[PDB]
$ cat final_1.cif   # mmCIF, C-alpha atoms and all ligand atoms
data_structure
#
loop_
_atom_site.label_atom_id
_atom_site.label_comp_id
_atom_site.auth_asym_id
_atom_site.auth_seq_id
_atom_site.Cartn_x
_atom_site.Cartn_y
_atom_site.Cartn_z
CA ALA F 1 76.57 -187.35 -26.51
CA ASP F 2 80.33 -187.87 -26.45
CA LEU F 3 82.50 -190.69 -25.15
CA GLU F 4 82.68 -189.22 -21.64
CA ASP F 5 78.88 -188.82 -21.68
CA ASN F 6 78.40 -192.45 -22.72
CA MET F 7 80.71 -193.68 -19.97
CA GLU F 8 78.80 -191.76 -17.30
CA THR F 9 75.58 -193.32 -18.59
CA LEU F 10 77.14 -196.78 -18.32
CA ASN F 11 78.56 -196.12 -14.85
CA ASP F 12 75.34 -194.57 -13.52
CA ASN F 13 73.13 -197.34 -14.84
CA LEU F 14 75.40 -200.21 -13.83
CA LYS F 15 75.03 -198.94 -10.26
CA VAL F 16 71.27 -198.53 -10.72
CA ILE F 17 71.03 -202.28 -11.42
CA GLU F 18 73.07 -203.05 -8.29
CA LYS F 19 70.93 -200.72 -6.16
CA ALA F 20 67.57 -201.19 -7.93
CA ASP F 21 64.60 -200.55 -5.63
CA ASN F 22 62.31 -202.56 -7.88
CA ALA F 23 62.77 -205.07 -10.66
CA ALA F 24 61.47 -202.70 -13.35
CA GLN F 25 64.46 -200.40 -12.85
CA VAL F 26 66.83 -203.15 -14.04
CA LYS F 27 65.35 -203.43 -17.54
CA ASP F 28 65.24 -199.64 -17.81
CA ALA F 29 68.95 -199.34 -16.94
CA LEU F 30 69.98 -202.18 -19.27
CA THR F 31 68.15 -200.38 -22.10
CA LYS F 32 70.08 -197.15 -21.39
CA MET F 33 73.39 -199.04 -21.23
CA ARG F 34 72.80 -200.74 -24.59
CA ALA F 35 72.28 -197.35 -26.25
CA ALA F 36 75.35 -195.85 -24.54
CA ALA F 37 77.54 -198.76 -25.68
CA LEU F 38 76.45 -198.49 -29.32
CA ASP F 39 77.10 -194.73 -29.23
CA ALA F 40 80.53 -195.18 -27.59
CA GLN F 41 81.49 -197.66 -30.32
CA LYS F 42 81.44 -194.73 -32.80
CA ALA F 43 83.95 -192.60 -30.82
CA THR F 44 87.73 -192.42 -30.78
CA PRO F 45 89.26 -192.77 -27.30
CA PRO F 46 91.91 -190.15 -26.47
CA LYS F 47 94.64 -192.75 -25.98
CA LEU F 48 93.97 -193.94 -29.56
CA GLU F 49 93.97 -190.46 -31.18
CA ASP F 50 96.91 -191.27 -33.47
CA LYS F 51 95.88 -194.73 -34.69
CA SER F 52 94.18 -195.83 -37.90
CA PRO F 53 90.45 -196.65 -37.84
CA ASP F 54 91.69 -199.94 -39.34
CA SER F 55 94.27 -200.41 -36.56
CA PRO F 56 94.07 -203.48 -34.28
CA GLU F 57 93.66 -201.12 -31.33
CA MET F 58 90.55 -199.54 -32.82
CA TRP F 59 89.37 -202.99 -33.91
CA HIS F 60 89.57 -204.37 -30.37
CA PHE F 61 88.01 -201.17 -28.99
CA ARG F 62 84.95 -201.41 -31.23
CA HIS F 63 84.66 -205.17 -30.77
CA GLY F 64 84.48 -204.75 -27.00
CA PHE F 65 81.28 -202.77 -27.41
CA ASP F 66 79.80 -205.44 -29.68
CA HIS F 67 80.52 -208.07 -27.07
CA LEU F 68 79.26 -205.89 -24.21
CA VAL F 69 76.03 -205.33 -26.16
CA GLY F 70 75.66 -209.07 -26.67
CA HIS F 71 75.73 -209.70 -22.93
CA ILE F 72 73.41 -206.77 -22.23
CA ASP F 73 70.95 -208.38 -24.65
CA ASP F 74 71.34 -211.65 -22.77
CA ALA F 75 70.44 -209.76 -19.58
CA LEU F 76 67.47 -208.01 -21.21
CA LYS F 77 66.06 -211.39 -22.32
CA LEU F 78 66.24 -212.65 -18.72
CA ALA F 79 64.51 -209.48 -17.54
CA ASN F 80 61.95 -209.81 -20.36
CA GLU F 81 61.30 -213.41 -19.23
CA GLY F 82 60.56 -212.02 -15.76
CA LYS F 83 63.77 -213.62 -14.43
CA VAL F 84 64.79 -210.32 -12.91
CA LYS F 85 67.06 -211.69 -10.18
CA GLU F 86 68.94 -213.67 -12.83
CA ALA F 87 69.10 -210.49 -14.93
CA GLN F 88 70.52 -208.51 -12.02
CA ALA F 89 73.09 -211.26 -11.41
CA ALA F 90 74.08 -211.19 -15.10
CA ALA F 91 74.36 -207.40 -15.03
CA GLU F 92 76.99 -207.58 -12.28
CA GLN F 93 79.21 -209.71 -14.54
CA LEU F 94 79.13 -206.88 -17.12
CA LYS F 95 81.75 -205.19 -14.95
CA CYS F 96 84.35 -207.47 -16.55
CA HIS F 97 83.66 -205.81 -19.90
CA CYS F 98 84.25 -202.37 -18.36
CA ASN F 99 87.42 -203.55 -16.63
CA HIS F 100 88.79 -205.28 -19.75
CA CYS F 101 88.41 -202.36 -22.17
CA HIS F 102 89.67 -199.89 -19.55
CA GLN F 103 92.79 -202.00 -19.08
CA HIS F 104 93.61 -201.42 -22.76
CA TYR F 105 92.39 -197.93 -23.52
CA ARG F 106 91.18 -195.86 -20.56
CA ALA O 1 97.11 -232.83 -21.81
CA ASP O 2 93.36 -233.16 -21.45
CA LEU O 3 90.95 -230.29 -20.87
CA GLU O 4 90.54 -230.94 -17.13
CA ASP O 5 94.30 -231.02 -16.52
CA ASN O 6 94.82 -227.81 -18.51
CA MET O 7 92.07 -226.11 -16.51
CA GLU O 8 93.70 -227.21 -13.24
CA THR O 9 97.01 -225.71 -14.39
CA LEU O 10 95.32 -222.37 -15.06
CA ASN O 11 93.51 -222.53 -11.72
CA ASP O 12 96.56 -223.30 -9.59
CA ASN O 13 98.98 -220.88 -11.24
CA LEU O 14 96.61 -217.95 -10.73
CA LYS O 15 97.10 -218.58 -7.00
CA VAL O 16 100.86 -219.05 -7.47
CA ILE O 17 100.89 -215.51 -8.91
CA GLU O 18 98.73 -214.15 -6.08
CA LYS O 19 101.13 -215.77 -3.55
CA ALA O 20 104.31 -214.59 -5.28
CA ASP O 21 106.26 -211.43 -4.59
CA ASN O 22 108.98 -211.35 -7.29
CA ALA O 23 109.17 -211.14 -11.05
CA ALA O 24 110.72 -214.57 -11.71
CA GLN O 25 107.95 -216.34 -9.78
CA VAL O 26 105.22 -214.48 -11.69
CA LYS O 27 106.89 -215.07 -15.06
CA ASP O 28 107.27 -218.78 -14.33
CA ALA O 29 103.57 -219.11 -13.44
CA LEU O 30 102.39 -217.09 -16.44
CA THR O 31 104.49 -219.20 -18.81
CA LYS O 32 102.77 -222.31 -17.42
CA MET O 33 99.32 -220.74 -17.83
CA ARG O 34 100.14 -219.79 -21.42
CA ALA O 35 101.22 -223.34 -22.29
CA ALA O 36 98.07 -224.70 -20.63
CA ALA O 37 95.83 -222.27 -22.54
CA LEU O 38 97.46 -223.04 -25.90
CA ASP O 39 97.10 -226.77 -25.23
CA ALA O 40 93.32 -226.38 -24.84
CA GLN O 41 92.85 -223.62 -27.43
CA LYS O 42 92.07 -225.61 -30.58
CA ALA O 43 89.90 -228.57 -29.49
CA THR O 44 86.15 -228.64 -30.01
CA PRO O 45 84.60 -229.28 -26.54
CA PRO O 46 81.95 -231.96 -25.84
CA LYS O 47 78.87 -229.69 -25.92
CA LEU O 48 79.71 -228.36 -29.42
CA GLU O 49 80.88 -231.49 -31.30
CA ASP O 50 77.76 -231.22 -33.47
CA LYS O 51 78.34 -227.49 -34.14
CA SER O 52 80.10 -226.30 -37.29
CA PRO O 53 83.73 -225.13 -36.89
CA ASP O 54 82.65 -221.68 -38.12
CA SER O 55 79.41 -221.65 -36.12
CA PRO O 56 78.86 -218.55 -33.96
CA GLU O 57 79.23 -220.69 -30.85
CA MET O 58 82.51 -222.36 -31.83
CA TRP O 59 83.79 -218.97 -32.98
CA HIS O 60 83.09 -217.39 -29.60
CA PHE O 61 84.58 -220.36 -27.76
CA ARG O 62 87.83 -220.20 -29.75
CA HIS O 63 88.02 -216.44 -29.25
CA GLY O 64 87.73 -216.99 -25.51
CA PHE O 65 90.97 -218.96 -25.65
CA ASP O 66 92.67 -216.61 -28.14
CA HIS O 67 91.79 -213.59 -25.96
CA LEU O 68 92.94 -215.33 -22.77
CA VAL O 69 96.29 -216.16 -24.39
CA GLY O 70 96.55 -212.52 -25.46
CA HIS O 71 96.22 -211.23 -21.91
CA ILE O 72 98.56 -213.85 -20.46
CA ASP O 73 101.08 -212.59 -23.04
CA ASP O 74 100.48 -209.00 -21.91
CA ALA O 75 100.91 -209.91 -18.23
CA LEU O 76 104.08 -211.84 -19.12
CA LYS O 77 105.53 -208.70 -20.71
CA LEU O 78 104.88 -206.79 -17.49
CA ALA O 79 106.69 -209.49 -15.51
CA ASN O 80 109.59 -209.30 -17.97
CA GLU O 81 109.79 -205.56 -17.15
CA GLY O 82 110.19 -206.31 -13.45
CA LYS O 83 106.73 -204.78 -12.88
CA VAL O 84 105.73 -207.43 -10.32
CA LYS O 85 102.58 -205.79 -8.99
CA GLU O 86 101.26 -204.67 -12.37
CA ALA O 87 101.79 -208.22 -13.60
CA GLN O 88 99.90 -209.53 -10.56
CA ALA O 89 96.97 -207.17 -11.14
CA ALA O 90 96.78 -208.24 -14.79
CA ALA O 91 96.77 -211.89 -13.70
CA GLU O 92 93.89 -211.23 -11.29
CA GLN O 93 92.04 -209.58 -14.19
CA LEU O 94 92.32 -212.88 -16.08
CA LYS O 95 89.57 -214.28 -13.85
CA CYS O 96 87.07 -212.38 -16.03
CA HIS O 97 88.09 -214.56 -19.00
CA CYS O 98 87.63 -217.76 -16.97
CA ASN O 99 84.14 -216.89 -15.76
CA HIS O 100 82.98 -215.53 -19.13
CA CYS O 101 83.74 -218.75 -21.01
CA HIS O 102 82.36 -220.91 -18.19
CA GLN O 103 79.02 -219.10 -18.08
CA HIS O 104 78.71 -219.52 -21.87
CA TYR O 105 79.56 -223.25 -21.81
CA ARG O 106 77.82 -224.41 -18.60
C1 LIG K 1 85.73 -200.26 -24.56
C2 LIG K 1 85.20 -201.19 -25.40
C3 LIG K 1 84.99 -199.84 -23.27
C4 LIG K 1 84.00 -200.47 -22.60
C5 LIG K 1 83.30 -201.81 -22.90
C6 LIG K 1 83.67 -199.66 -21.43
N1 LIG K 1 84.48 -198.54 -21.43
FE1 LIG K 1 84.43 -197.03 -19.98
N2 LIG K 1 85.85 -196.09 -21.00
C7 LIG K 1 86.49 -196.50 -22.15
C8 LIG K 1 87.49 -195.50 -22.50
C9 LIG K 1 88.42 -195.57 -23.72
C10 LIG K 1 87.45 -194.54 -21.58
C11 LIG K 1 88.33 -193.26 -21.54
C12 LIG K 1 87.45 -192.14 -22.11
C13 LIG K 1 88.10 -190.77 -22.05
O1 LIG K 1 87.60 -189.87 -22.76
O2 LIG K 1 89.09 -190.59 -21.30
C14 LIG K 1 86.41 -194.88 -20.62
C15 LIG K 1 86.06 -194.15 -19.51
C16 LIG K 1 85.13 -194.48 -18.56
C17 LIG K 1 84.78 -193.66 -17.42
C18 LIG K 1 85.43 -192.29 -17.11
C19 LIG K 1 84.68 -191.25 -17.94
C20 LIG K 1 85.27 -189.87 -17.81
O3 LIG K 1 84.47 -188.91 -17.80
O4 LIG K 1 86.52 -189.72 -17.72
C21 LIG K 1 83.83 -194.29 -16.73
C22 LIG K 1 83.16 -193.77 -15.42
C23 LIG K 1 83.54 -195.54 -17.40
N3 LIG K 1 84.35 -195.61 -18.52
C24 LIG K 1 82.62 -196.50 -17.01
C25 LIG K 1 82.39 -197.68 -17.71
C26 LIG K 1 81.58 -198.79 -17.26
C27 LIG K 1 80.85 -198.83 -15.90
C28 LIG K 1 81.62 -199.75 -18.21
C29 LIG K 1 80.90 -201.11 -18.18
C30 LIG K 1 79.56 -201.11 -18.01
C31 LIG K 1 82.44 -199.25 -19.31
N4 LIG K 1 82.90 -197.99 -18.96
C32 LIG K 1 82.71 -199.95 -20.48
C33 LIG K 1 86.24 -197.66 -22.86
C34 LIG K 1 85.29 -198.61 -22.53
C1 LIG K 2 86.72 -221.27 -22.80
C2 LIG K 2 87.02 -220.30 -23.67
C3 LIG K 2 87.38 -221.36 -21.39
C4 LIG K 2 88.22 -220.48 -20.79
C5 LIG K 2 88.78 -219.13 -21.29
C6 LIG K 2 88.54 -221.00 -19.47
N1 LIG K 2 87.88 -222.20 -19.32
FE1 LIG K 2 87.96 -223.34 -17.56
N2 LIG K 2 86.70 -224.69 -18.42
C7 LIG K 2 86.22 -224.64 -19.73
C8 LIG K 2 85.53 -225.90 -19.98
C9 LIG K 2 84.84 -226.27 -21.30
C10 LIG K 2 85.59 -226.65 -18.86
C11 LIG K 2 84.99 -228.07 -18.65
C12 LIG K 2 83.46 -228.03 -18.53
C13 LIG K 2 83.01 -227.38 -17.23
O1 LIG K 2 82.11 -226.49 -17.29
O2 LIG K 2 83.52 -227.77 -16.14
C14 LIG K 2 86.32 -225.91 -17.86
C15 LIG K 2 86.59 -226.34 -16.57
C16 LIG K 2 87.37 -225.71 -15.63
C17 LIG K 2 87.66 -226.16 -14.28
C18 LIG K 2 87.12 -227.45 -13.61
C19 LIG K 2 85.73 -227.19 -13.02
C20 LIG K 2 85.57 -227.88 -11.68
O3 LIG K 2 84.40 -228.17 -11.31
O4 LIG K 2 86.59 -228.14 -10.97
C21 LIG K 2 88.47 -225.26 -13.71
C22 LIG K 2 89.03 -225.33 -12.27
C23 LIG K 2 88.72 -224.21 -14.68
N3 LIG K 2 88.04 -224.52 -15.83
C24 LIG K 2 89.51 -223.10 -14.50
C25 LIG K 2 89.70 -222.07 -15.40
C26 LIG K 2 90.44 -220.85 -15.14
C27 LIG K 2 91.12 -220.54 -13.78
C28 LIG K 2 90.38 -220.09 -16.24
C29 LIG K 2 91.02 -218.70 -16.46
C30 LIG K 2 92.31 -218.48 -16.18
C31 LIG K 2 89.62 -220.81 -17.25
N4 LIG K 2 89.22 -222.00 -16.69
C32 LIG K 2 89.35 -220.39 -18.54
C33 LIG K 2 86.38 -223.60 -20.64
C34 LIG K 2 87.16 -222.47 -20.46
CO CO K 3 80.46 -213.62 -24.54
CO CO K 4 91.79 -207.57 -24.78
#

$ encode --input "final_1.cif" --output "structure tokens" --more "lines below"
Ligand code: HEC
Ligand code: HEC
Ligand SMILES: [Co+2]
Ligand SMILES: [Co+2]
Amino acid sequence: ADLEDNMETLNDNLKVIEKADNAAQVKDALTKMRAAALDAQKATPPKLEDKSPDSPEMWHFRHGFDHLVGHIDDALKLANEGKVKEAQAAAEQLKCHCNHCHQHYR
Amino acid sequence: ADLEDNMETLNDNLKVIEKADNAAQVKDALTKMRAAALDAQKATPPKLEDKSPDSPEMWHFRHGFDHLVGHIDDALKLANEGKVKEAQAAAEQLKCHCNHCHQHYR
């Protein structure tokens, strides 16, 4: 899957958590988002075509996925503790990670 | 200033920027936010006095402030371009930084 693929996965599943018909769908969507974020971290965004892999732009790009994954894991723990409403509430705050990285590089 | 007074400065000047409609007003408010953020950036907070200065938790706390200062700086540059509304949208996007650090600390 490519960067555009990974972003569709993240967008589709973030909305699944918002609209989840049952609590089990939240964990399933978080799982898919974690995979998509780790895959996206290995891509080069088009607006950073010309920059070094050691550039601060690419550093901040990759770091954003690390941090996103951290907070997805926080949400998964809540869901794995059966605290599925708390997990759904946490998942809505993930939108800040999307918005922040997009500000820079989308 | 103390932590509570710095946090109030950040809180009020966000609304100053929302209320404003010209570049000088937005720049003035962002400069105040930046000074408030730098004032609070380096102090260990009460809940982590027993944590090492290089502990994962202190590291993430300090990065919260470093990253907030970075985006205030970016918004300030937009205001210095006369891009009032882009500067205002960036300032609204700062709320993600506020809530992220709060949820970690509280
Ligand atoms: C950086 C660390 C990012 C994080 C975190 C998220 N996204 Fe993203 N996204 C990023 C870039 C650089 C781009 C541009 C990709 C390109 O090839 O142009 C995107 C794009 C999207 C898109 C549009 C995809 C497309 O086909 O054009 C969507 C729908 C999207 N992103 C959604 C999304 C969501 C919901 C996120 C949080 C869960 C998220 N992204 C995180 C960089 C980064
Ligand atoms: C850590 C990296 C922080 C960032 C970034 C921001 N804040 Fe904060 N805030 C932080 C602490 C440790 C505290 C004190 C402990 C607590 O949880 O209250 C605060 C407190 C505030 C308050 C007062 C809370 C109240 O009940 O009135 C406000 C109003 C506040 N903070 C505002 C604020 C804003 C607007 C921020 C972004 C621009 C912001 N804070 C960032 C830690 C951190
Ligand atoms: Co965090
Ligand atoms: Co940033």

$ residues_near_ligand --input "final_1.cif" --ligand "ligand CO 3 (chain K)" --cutoff "7 Å" --atoms "all atoms listed in the file" --output "list in words"
residues 67, 70 and 71 of chain F; 60, 100 and 104 of chain O

$ atom_distance --input "final_1.cif" --atom1 "atom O2 of ligand LIG 2 (chain K)" --atom2 "atom CA of residue 94 of chain O"
17.3 Å

$ atom_distance --input "final_1.cif" --atom1 "atom CA of residue 59 of chain F" --atom2 "atom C34 of ligand LIG 2 (chain K)"
23.8 Å

$ atom_distance --input "final_1.cif" --atom1 "atom CA of residue 93 of chain F" --atom2 "atom CA of residue 2 of chain O"
28.2 Å

$ calpha_fit_and_write --input "final_1.cif" --fixed "chain F" --moving "chain O" --output "CSV table (one decimal) with C-alpha atoms, keeping the file's coordinate frame"
chain,number,residue,atom,x,y,z
O,1,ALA,CA,76.5,-187.4,-26.1
O,2,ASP,CA,80.2,-187.3,-25.4
O,3,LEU,CA,82.4,-190.2,-24.2
O,4,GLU,CA,82.5,-189.0,-20.6
O,5,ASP,CA,78.7,-188.6,-20.3
O,6,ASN,CA,78.1,-192.0,-21.9
O,7,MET,CA,80.5,-193.5,-19.4
O,8,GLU,CA,78.7,-191.9,-16.5
O,9,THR,CA,75.4,-193.3,-17.7
O,10,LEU,CA,76.9,-196.8,-17.8
O,11,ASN,CA,78.4,-196.3,-14.3
O,12,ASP,CA,75.3,-195.0,-12.6
O,13,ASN,CA,72.8,-197.5,-14.1
O,14,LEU,CA,74.9,-200.5,-13.0
O,15,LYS,CA,74.1,-199.2,-9.4
O,16,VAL,CA,70.5,-198.6,-10.4
O,17,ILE,CA,70.3,-202.3,-11.3
O,18,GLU,CA,72.1,-203.4,-8.1
O,19,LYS,CA,69.6,-201.2,-6.0
O,20,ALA,CA,66.5,-202.5,-7.9
O,21,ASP,CA,64.3,-205.4,-7.0
O,22,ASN,CA,61.8,-205.7,-9.9
O,23,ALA,CA,62.0,-206.5,-13.6
O,24,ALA,CA,60.7,-203.1,-14.9
O,25,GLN,CA,63.4,-201.2,-12.9
O,26,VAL,CA,66.2,-203.5,-14.3
O,27,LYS,CA,64.9,-203.3,-17.9
O,28,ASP,CA,64.7,-199.5,-17.7
O,29,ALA,CA,68.3,-199.3,-16.5
O,30,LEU,CA,69.6,-201.8,-19.1
O,31,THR,CA,67.9,-200.0,-21.9
O,32,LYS,CA,69.7,-196.8,-20.8
O,33,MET,CA,73.1,-198.6,-20.6
O,34,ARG,CA,72.5,-200.0,-24.1
O,35,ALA,CA,71.8,-196.6,-25.6
O,36,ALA,CA,74.9,-195.2,-23.8
O,37,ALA,CA,77.1,-198.0,-25.2
O,38,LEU,CA,75.8,-197.7,-28.7
O,39,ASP,CA,76.4,-193.9,-28.6
O,40,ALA,CA,80.1,-194.5,-27.8
O,41,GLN,CA,80.6,-197.6,-29.9
O,42,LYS,CA,81.8,-196.2,-33.2
O,43,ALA,CA,84.1,-193.2,-32.3
O,44,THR,CA,87.8,-193.5,-32.5
O,45,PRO,CA,89.1,-192.4,-29.0
O,46,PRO,CA,91.9,-189.8,-28.4
O,47,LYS,CA,94.8,-192.2,-27.9
O,48,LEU,CA,94.2,-194.0,-31.2
O,49,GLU,CA,93.4,-191.2,-33.6
O,50,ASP,CA,96.7,-191.9,-35.4
O,51,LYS,CA,95.9,-195.7,-35.6
O,52,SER,CA,94.3,-197.2,-38.7
O,53,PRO,CA,90.6,-198.1,-38.5
O,54,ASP,CA,91.5,-201.8,-39.1
O,55,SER,CA,94.6,-201.7,-36.8
O,56,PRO,CA,94.7,-204.5,-34.2
O,57,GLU,CA,94.2,-201.8,-31.4
O,58,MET,CA,91.1,-200.1,-33.0
O,59,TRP,CA,89.7,-203.6,-33.7
O,60,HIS,CA,90.0,-204.7,-30.1
O,61,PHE,CA,88.6,-201.4,-28.9
O,62,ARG,CA,85.5,-201.6,-31.1
O,63,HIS,CA,85.0,-205.3,-30.1
O,64,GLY,CA,85.0,-204.2,-26.5
O,65,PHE,CA,81.9,-202.1,-27.2
O,66,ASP,CA,80.3,-204.6,-29.5
O,67,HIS,CA,80.7,-207.4,-26.9
O,68,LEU,CA,79.4,-205.1,-24.1
O,69,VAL,CA,76.3,-204.3,-26.1
O,70,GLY,CA,75.9,-208.0,-26.7
O,71,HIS,CA,75.8,-208.8,-23.0
O,72,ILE,CA,73.5,-205.9,-22.2
O,73,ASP,CA,71.2,-207.3,-24.8
O,74,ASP,CA,71.4,-210.7,-23.1
O,75,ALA,CA,70.7,-209.3,-19.6
O,76,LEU,CA,67.8,-207.3,-21.1
O,77,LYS,CA,66.3,-210.5,-22.4
O,78,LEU,CA,66.5,-212.0,-18.8
O,79,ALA,CA,64.7,-208.9,-17.5
O,80,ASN,CA,62.0,-209.3,-20.1
O,81,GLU,CA,61.5,-212.9,-18.8
O,82,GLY,CA,60.8,-211.5,-15.3
O,83,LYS,CA,64.1,-213.2,-14.2
O,84,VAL,CA,65.0,-210.2,-12.0
O,85,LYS,CA,67.9,-211.8,-10.1
O,86,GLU,CA,69.5,-213.5,-13.1
O,87,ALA,CA,69.3,-210.2,-14.9
O,88,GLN,CA,71.0,-208.5,-11.9
O,89,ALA,CA,73.8,-211.1,-11.9
O,90,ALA,CA,74.4,-210.6,-15.6
O,91,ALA,CA,74.6,-206.9,-15.0
O,92,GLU,CA,77.2,-207.3,-12.3
O,93,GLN,CA,79.1,-209.5,-14.7
O,94,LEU,CA,79.3,-206.5,-17.1
O,95,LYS,CA,81.9,-205.0,-14.8
O,96,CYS,CA,84.4,-207.3,-16.4
O,97,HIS,CA,83.9,-205.6,-19.8
O,98,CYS,CA,84.4,-202.1,-18.2
O,99,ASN,CA,87.7,-203.0,-16.5
O,100,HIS,CA,89.0,-204.9,-19.5
O,101,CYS,CA,88.7,-202.0,-21.9
O,102,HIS,CA,90.0,-199.5,-19.3
O,103,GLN,CA,93.1,-201.5,-18.6
O,104,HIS,CA,93.8,-201.7,-22.4
O,105,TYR,CA,93.2,-197.9,-22.9
O,106,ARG,CA,94.8,-196.4,-19.8

$ closest_residue --input "final_1.cif" --among "O:1, O:84, O:75, O:30" --to "chain F" --atoms "only C-alpha atoms"
O:75

$ decode --input "final_1.cif" --residues "segment 67-90 of chain F" --atoms "C-alpha atoms" --output "PDB file, in the first residue's frame"
ATOM      1  CA  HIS F  67       3.450   9.848  18.345  1.00  0.00           C
ATOM      2  CA  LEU F  68       0.173   8.965  16.609  1.00  0.00           C
ATOM      3  CA  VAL F  69       0.949   5.282  17.179  1.00  0.00           C
ATOM      4  CA  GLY F  70       1.616   5.959  20.850  1.00  0.00           C
ATOM      5  CA  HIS F  71      -1.848   7.438  21.317  1.00  0.00           C
ATOM      6  CA  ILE F  72      -3.484   4.671  19.279  1.00  0.00           C
ATOM      7  CA  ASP F  73      -1.841   2.193  21.660  1.00  0.00           C
ATOM      8  CA  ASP F  74      -3.236   4.182  24.578  1.00  0.00           C
ATOM      9  CA  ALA F  75      -6.685   3.832  22.996  1.00  0.00           C
ATOM     10  CA  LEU F  76      -6.222   0.100  22.347  1.00  0.00           C
ATOM     11  CA  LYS F  77      -5.352  -0.460  26.024  1.00  0.00           C
ATOM     12  CA  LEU F  78      -8.590   1.268  27.061  1.00  0.00           C
ATOM     13  CA  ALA F  79     -10.507  -0.886  24.587  1.00  0.00           C
ATOM     14  CA  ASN F  80      -8.626  -3.987  25.805  1.00  0.00           C
ATOM     15  CA  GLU F  81      -9.607  -3.063  29.386  1.00  0.00           C
ATOM     16  CA  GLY F  82     -13.239  -3.029  28.222  1.00  0.00           C
ATOM     17  CA  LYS F  83     -13.346   0.769  28.661  1.00  0.00           C
ATOM     18  CA  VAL F  84     -14.726   1.135  25.166  1.00  0.00           C
ATOM     19  CA  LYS F  85     -16.479   4.480  25.652  1.00  0.00           C
ATOM     20  CA  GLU F  86     -13.220   5.906  26.990  1.00  0.00           C
ATOM     21  CA  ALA F  87     -11.441   4.368  23.990  1.00  0.00           C
ATOM     22  CA  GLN F  88     -13.909   5.965  21.576  1.00  0.00           C
ATOM     23  CA  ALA F  89     -13.448   9.317  23.330  1.00  0.00           C
ATOM     24  CA  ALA F  90      -9.650   8.981  23.044  1.00  0.00           C
TER      25      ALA F  90
END
